[PDB]
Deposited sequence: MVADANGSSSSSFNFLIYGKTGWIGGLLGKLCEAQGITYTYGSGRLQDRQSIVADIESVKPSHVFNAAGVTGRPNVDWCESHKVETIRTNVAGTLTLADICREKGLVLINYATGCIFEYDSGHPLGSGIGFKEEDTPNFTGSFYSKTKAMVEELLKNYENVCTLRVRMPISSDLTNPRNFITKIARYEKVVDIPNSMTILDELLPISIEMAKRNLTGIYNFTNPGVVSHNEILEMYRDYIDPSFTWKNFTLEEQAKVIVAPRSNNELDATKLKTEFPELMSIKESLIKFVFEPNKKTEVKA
């Protein structure tokens, strides 16, 4: 009944999805093909005959911008199109870092950006390009787009993990941010496929956390001797968790979720 075609095997979310699909006992296969060409994708689909498809491909000179366009724009739009022609729900792993605190959603307010909102942080190429694709993907009834931010998981060896970035910085800033606890949200995303959810979902845990709060948990739970300094353009914001929370009332707030899925199992 359930059969998953997944793109991005050499990737963080891609790999974790594979391991998730073992322990869940779900049939899955990693897309051999390349997003850059439609021929590949059509083949994979017709060969694998998937019920759902997952896109975890992806996450500035010309060469690297062009490369990103080829995979994040052309490629993502092509997969979306094919999956639509075929009737397949496409889970599209994307970014929430296209918003930033502003006059209508001020730092410290509790008012988060909603799914329906216009991306207000689009100066950087990556940010703009990500906003462009998200806007375009709205016209694809089958696509479900997930706004992931500053992904964190239970494994601190991962240089991509946000906690291990912050515990490395010389000085750090202290700004509350919406973040994605992978261990919790990734099983949730799989459930979203099963329920055939589509549209945009902010895909962070509800509530916000700052670097100081995360470094405090880090010192207490995993290195009691740890020390950091504070400062006496990146994205900072809250995403509104309402829509994702309505569909998934078991979803945990960040601190509470950092404690269970990340810090308690790494205690030392």
{"query": "Sequence ranges absent from the coordinates, based on the deposited chain and numbered from 1", "finding": "1-11, 71-77, 251-260, 297-301"}
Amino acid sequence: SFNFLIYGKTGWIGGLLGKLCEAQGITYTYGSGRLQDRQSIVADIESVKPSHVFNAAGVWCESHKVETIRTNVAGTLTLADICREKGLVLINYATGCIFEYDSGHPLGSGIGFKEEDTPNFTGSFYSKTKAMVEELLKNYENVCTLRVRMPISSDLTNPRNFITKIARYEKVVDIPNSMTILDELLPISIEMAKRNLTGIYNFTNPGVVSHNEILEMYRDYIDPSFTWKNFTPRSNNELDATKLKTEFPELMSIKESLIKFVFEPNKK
From here on, numbers count along this sequence of modelled residues.
| property | result |
| --- | --- |
| Mean C-alpha B-factor comparison - 163-171 and 81-89, higher one | 163-171 |
| Mean C-alpha temperature factor, higher of 201-209 and 37-45 | 37-45 |
| Top Cα B factor in the deposited entry, candidates 96, 75, 151, 104 | 104 |
| Which of 128, 194, 138, 147 ranks first by CA B-factor in the deposited coordinates | 194 |
| Chain thirds of CA B-factor: placement of residue 182 | lowest |
| Within-chain third of residue 225 by Cα B-factor, per the entry | highest |
| Position of residue 32 among the chain's modelled residues by C-alpha B-factor, lowest, middle or highest third | highest |
| Where the record places residue 2 (Cα B-factor, split into thirds across the chain) | highest |
| Chain third (lowest, middle, highest) by recorded CA B-factor, residue given as residue 133 | lowest |
